[PDB]
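Report on the following structure.
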Amino acid sequence: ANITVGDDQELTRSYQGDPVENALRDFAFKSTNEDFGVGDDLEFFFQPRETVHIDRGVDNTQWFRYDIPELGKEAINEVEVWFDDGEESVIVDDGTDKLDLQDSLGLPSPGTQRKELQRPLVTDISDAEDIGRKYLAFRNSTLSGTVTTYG
Amino acid sequence: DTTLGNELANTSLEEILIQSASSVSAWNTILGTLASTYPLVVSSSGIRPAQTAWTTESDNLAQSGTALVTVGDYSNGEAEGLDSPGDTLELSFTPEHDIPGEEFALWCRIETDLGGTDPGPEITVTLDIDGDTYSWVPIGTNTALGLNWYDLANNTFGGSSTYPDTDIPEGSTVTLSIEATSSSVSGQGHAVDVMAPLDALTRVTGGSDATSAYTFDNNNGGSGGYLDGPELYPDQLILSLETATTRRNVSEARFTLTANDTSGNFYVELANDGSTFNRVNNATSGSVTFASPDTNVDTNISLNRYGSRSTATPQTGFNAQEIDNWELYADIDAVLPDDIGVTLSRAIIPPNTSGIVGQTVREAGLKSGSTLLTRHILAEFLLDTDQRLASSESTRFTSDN
Amino acid sequence: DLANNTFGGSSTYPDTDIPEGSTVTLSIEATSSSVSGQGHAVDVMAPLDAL
Numbered sequence: 152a153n154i155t156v157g158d159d160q161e162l163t164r165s166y167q168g169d170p171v172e173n174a175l176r177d178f179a180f181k182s183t184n185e186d187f188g189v190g191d192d193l194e195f196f197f198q199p200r201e202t203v204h205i206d207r208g209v210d211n212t213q214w215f216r217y218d219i220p221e222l223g224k225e226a227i228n229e230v231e232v233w234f235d236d237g238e239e240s241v242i243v244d245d246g247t248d249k250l251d252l253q254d255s256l257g258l259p260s261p262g263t264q265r266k267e268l269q270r271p272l273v274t275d276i277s278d279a280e281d282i283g284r285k286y287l288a289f290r291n292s293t294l295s296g297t298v299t300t301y302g
Numbered sequence: 554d555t556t557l558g559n560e561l562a563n564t565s566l567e568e569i570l571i572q573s574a575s576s577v578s579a580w581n582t583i584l585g586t587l588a589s590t591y592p593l594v595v596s597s598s599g600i601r602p603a604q605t606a607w608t609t610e611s612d613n614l615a616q617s618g619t620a621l622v623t624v625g626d627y628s629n630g631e632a633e634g635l636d637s638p639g640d641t642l643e644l645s646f647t648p649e650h651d652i653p654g655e656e657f658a659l660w661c662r663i664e665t666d667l668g669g670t671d672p673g674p675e676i677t678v679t680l681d682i683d684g685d686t687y688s689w690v691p692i693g694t695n696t697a698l699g700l701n702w703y704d705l706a707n708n709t710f711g712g713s714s715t716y717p718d719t720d721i722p723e724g725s726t727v728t729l730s731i732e733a734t735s736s737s738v739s740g741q742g743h744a745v746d747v748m749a750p751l752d753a754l755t756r757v758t759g760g761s762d763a764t765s766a767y768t769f770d771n772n773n774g775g776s777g778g779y780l781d782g783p784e785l786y787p788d789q790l791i792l793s794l795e796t797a798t799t800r801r802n803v804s805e806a807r808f809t810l811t812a813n814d815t816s817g818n819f820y821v822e823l824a825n826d827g828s829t830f831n832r833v834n835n836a837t838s839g840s841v842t843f844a845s846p847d848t849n850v851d852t853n854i855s856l857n858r859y860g861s862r863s864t865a866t867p868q869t870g871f872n873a874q875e876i877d878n879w880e881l882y883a884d885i886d887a888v889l890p891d892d893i894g895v896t897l898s899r900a901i902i903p904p905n906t907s908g909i910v911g912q913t914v915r916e917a918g919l920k921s922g923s924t925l926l927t928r929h930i931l932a933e934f935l936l937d938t939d940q941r942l943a944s945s946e947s948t949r950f951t952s953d954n
Numbered sequence: 704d705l706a707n708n709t710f711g712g713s714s715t716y717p718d719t720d721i722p723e724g725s726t727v728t729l730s731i732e733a734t735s736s737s738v739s740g741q742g743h744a745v746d747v748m749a750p751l752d753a754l
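Protein chains in written order, with the deposited numbering: chain BF, 152 to 302; chain BD, 554 to 954; chain BE, 704 to 754.
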């Protein structure tokens, strides 16, 4: 009853040695970016994100300190994934960040910044697309603010 | 923006192409591990049953001065009569597959002395495989045969030895010579009407003999006409193709193919579960709805003999059905939930799509029929000669407040 | 050649590979009476790689 997969689909990779937390994180990346963990009564859960609200919001009289960056140090805009026995490849390709670096800096061609990685147990190309998409997504620009309050 | 500025290529995301073949390496992938002896040819033109019997009208054999024989119940009205020592009849072929030696056979339709009682010559067969020569004596000095089909390889008729059961490799230049090695009782001729070296197909058909796979008919209508077989090709290859795999349920599937013919027992069979096959008969395109949605599609194909004729042997099955290109499509979700209020769209461009192969790609858009729903600029790339291109289009729904 | 050619014979060499360093033993045996003529006279025997 604690399991509510948002886009339930078959796995086409064998997860047979991954850390359990890393496998669950890949399933959440494949299905609706879900929250998972250990609750009260020590039950596991896996379910849709953003389900409850806290009515006592941090109003302007109720913060004491804040520190709110946009983190982009580790971002990149191309990943090439080798899969099969290293015998086929796929490039996952963010065109927006390449063009924005080009126009910003005045580069003669799109501002590619790459990672190469290899997953030699992946055989379904559409899983190697996931691997590369997941690598870009977890590195992307985000706000990651700290706010301090009391209750 | 109403439309893409010079659109190069367009593909559906209601259907996705889960399998295809159009080239030797693709066909060798989706056929799976066929044995080197299986009577199927993969080629730049398509996949086709192998020629598996040769069958030569006796007047079209290579000649060494043997006696011409004319009778109405001989095929084409005429046969060659083995008579004078060393008067070889010779036949050449190249097999499109490995023939296992324990089921090679040499059917000939043959008689002695216009149906007379008195023995023909003793006859020697030599089979030559690119210079490797195998020789045996199936017909003795004291036998006469009534007009019928006889295998000179696996049986003897007063002779001393059979074919030596050697395998014959694919693409080998194979030559037979059939020779009277000592003289006949009179100037009679041992009349051979038609020679048919073949694979007996007991590997493919559960019977112990070629009669289970070929027509050995023995009556042309007595008027200089022709026999119905042996037909040049196997009756039916029921090919089982490798599973078309999916992450998602398939509710219905559609196929398309190119073929030289679709007559007779030609069909395509599709299943969601590997056993409940639904059949489309005698068509190059078709659609199947499955009993319930399930994730992988299995396929079977039937390729057969075709053609009927009145001017040469064999009168039946002198052509075989070939498939040039194959495509299988399935009703699969390619627009997917991805987060709270977010969808991901995952269209695919097949690796050799004309109008975009060898082309620089610079923009993309989510679309529905003619109307463009979204447009994007892309960093330039060249879609090179073998590359699958696919989308990962996020569409987000959100408020201002 | 006896291995890949035959003269009224029942069977020929199946084309199996010979491993490096394997101990190969070759035997030629008569399996009928001769008609006359001191049999088949074996003058020179040469198992070989045809290259």
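Beta carbons: idealized from backbone N, C-alpha and C, even for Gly.
- Across the set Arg800(BD), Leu705(BD) and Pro672(BD), the C-alpha of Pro672(BD) shows the shortest separation from the C-alpha of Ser735(BD).
- At a Cβ-Cβ threshold of 7 Å, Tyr786(BD) and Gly870(BD) count as neighbours.
- Taking 7 Å as the cut-off, the Cβ atoms of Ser855(BD) and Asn818(BD) count as close.
- Using beta-carbon distances, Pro261(BF) counts as an interface residue toward chain BD, with a partner under 7 Å.
- Interface residue (Cβ-Cβ distance to chain BE less than 7 Å): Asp651(BD) is not classified as such.
- Where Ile276(BF) is concerned, the enclosing alpha helix (DSSP H) starts and stops at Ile276 to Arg290.
- Counted as a single uninterrupted DSSP element, the stretch harbouring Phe830(BD) is not any beta strand (DSSP E), since DSSP gives it neither H nor E.
- Taking the C-beta atoms as reference points, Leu698(BD) is found nearer than 7 Å to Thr665(BD).
- For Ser945(BD), the chain BF residues whose C-beta falls within less than 8 Å of its own C-beta are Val243, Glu280 and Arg284, listed in chain order.
- One alpha carbon belongs to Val241(BF), the other to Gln874(BD), and they sit about 37 Å apart.
- Following the DSSP letters along the chain, one finds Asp210(BF) in no alpha helix (DSSP H), marked with neither H nor E.
- At a cut-off of 7 Å, the C-beta of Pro638(BD) has no neighbouring C-beta in chain BE.
- Restricting attention to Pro846(BD), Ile721(BD), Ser838(BD) and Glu610(BD), the CA atom closest to the CA of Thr866(BD) is found in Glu610(BD).
- The beta-bridge partner set that DSSP reports for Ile676(BD) consists of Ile692(BD) and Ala733(BD).
- Interface residue (Cβ-Cβ distance to chain BF less than 7 Å): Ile893(BD) is classified as such.
- In this structure, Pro903(BD) lies near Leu570(BD), with their beta-carbon atoms less than 7 Å apart.
- Listed along chain BD, the residues sitting closer than 7 Å to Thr183(BF) by beta-carbon distance are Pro890, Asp891 and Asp892.
- Per DSSP, the beta bridge partners of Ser840(BD) are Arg807(BD).
- Across the segment 914-934 of chain BD, CB contacts with chain BF closer than 8 Å involve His929, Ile930, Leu931, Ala932, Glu933 and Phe934, in sequence order along the chain.
- Taking the CA atoms as reference points, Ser277(BF) sits about 13 Å from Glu231(BF).
- Its Cα nearest to that of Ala733(BD), the residue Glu675(BD) stands out among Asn954(BD), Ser714(BD) and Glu675(BD).
- Ranking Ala749(BE), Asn708(BE) and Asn707(BE) by CA distance to the CA of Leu729(BE) puts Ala749(BE) first.
- Residue-level contact by beta carbon holds for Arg800(BD) and chain BF, with a gap shorter than 7 Å.
- By the criterion of a C-beta distance shorter than 8 Å, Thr951(BD) is surrounded in its chain by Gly894, once the five residues flanking it on both sides are discounted.
- Secondary structure at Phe195(BF): strand, using DSSP grouped into helix, strand and coil.
- Annotation: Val910(BD) is outside any alpha helix (DSSP H) and is labelled neither H nor E by DSSP.
- According to the DSSP assignment, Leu642(BD) belongs to the beta strand (DSSP E) that extends over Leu642 to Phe646.
- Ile721(BD) and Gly654(BD) have their C-alpha atoms roughly 7 Å apart.
- Using a Cβ-Cβ cut-off of 7 Å, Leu252(BF) does not count as an interface residue toward chain BD, since no Cβ of chain BD sits closer than that to its own.
- Residue range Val171 to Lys181 is occupied by the alpha helix (DSSP H) that includes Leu175(BF), with no beta strand (DSSP E) assigned at that position.
- DSSP links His743(BD) through a beta bridge to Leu635(BD) and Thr665(BD).
- With 16 or more other Cβ atoms from the protein chains shown falling within 10 Å of its own Cβ, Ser688(BD) counts as buried.
- With respect to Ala658(BD), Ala588(BD) sits apart: the two C-beta atoms are not nearer than 7 Å.
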